[PDB]
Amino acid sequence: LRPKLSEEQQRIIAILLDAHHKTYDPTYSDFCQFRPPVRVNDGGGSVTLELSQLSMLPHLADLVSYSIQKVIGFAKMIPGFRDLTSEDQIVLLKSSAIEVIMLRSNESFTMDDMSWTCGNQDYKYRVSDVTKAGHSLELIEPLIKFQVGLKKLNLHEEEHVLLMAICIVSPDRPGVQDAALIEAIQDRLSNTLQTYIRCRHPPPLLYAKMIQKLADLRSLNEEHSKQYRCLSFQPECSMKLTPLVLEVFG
């Protein structure tokens, strides 16, 4: 059976599309306001050199900080999110922040050359740029594989926004108080996504493949946390980050 989308489900999708359009600028016009990207010579991928310079960290920290602000705005518009206690809201935002950033970045990712292209060459991010920010291949390679796999699903924008919303409103995040309420909110979003796929997604499993990407994100979250810890050990590193980044990942 392929039941039609209820009026409420249609409304939820409309609200989420609007939220995304207001919080994700496809022209990347604000990027010139971030601290400039600096790319030192490191063809050898020297960990020692990368840590001593962290040349790309200020720019990426600013990009991520900016993105967390946009994610906060997006989350506030998810139907039901405001009904949660502020304590639960913050817990969900802090624990999903890096995951939603990885998801939303798929919009700028291109399989032409496996990079995140955000306008001019100055804002094109490749694997080598991430290593210049202090991260290792243990995170980057799996990150790229994730991007390609998500790209191949060819999600409708409707599916893309629902997935980011479901990622944020997850009842199994450590620290949540009212798991039952959170689960109710997520179920409403999940049922909307499942109904949309059966009804609006033409042939040629997609729902299952999407749920699996959420599990993949948990692993990337874990690895990023481990690497952020190592990064924080570097003297003078805090100055290369931002107060928001320090709080969310610290």
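Each residue number is its position in the shown sequence, starting from 1.
Looking at the deposited entry, does 159-167 or 122-130 carry the larger mean Cα B-factor?
Result: 122-130.
Between 68-76 and 111-119, which has the higher average C-alpha B-factor in the PDB entry?
It is 111-119 that shows the higher mean C-alpha B-factor.
Can you pull the Cα B-factors for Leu57, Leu220, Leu63, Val47 from the entry and say which is highest?
In the PDB entry, the greatest C-alpha B-factor among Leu57, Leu220, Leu63, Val47 is found at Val47.
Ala19 by Cα B-factor - lowest, middle or highest third of the modelled chain:
Answer is lowest: the recorded C-alpha B-factor places it there.
For the chain shown, is the CA B-factor of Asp30 in the lowest, middle or highest third of its modelled residues?
Lowest third.
What third of its chain, lowest, middle or highest, does the C-alpha temperature factor of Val100 fall into?
CA B-factor rank for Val100: lowest third.
Which third of the chain holds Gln234 when residues are ordered by C-alpha B factor: lowest, middle or highest?
According to the entry, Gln234 has a C-alpha B-factor in the chain's lowest third.
Considering every modelled residue of the chain and its Cα B-factor in the PDB entry, is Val91 in the lowest, middle or highest third?
It belongs to the middle third of the chain when residues are ordered by C-alpha B-factor.
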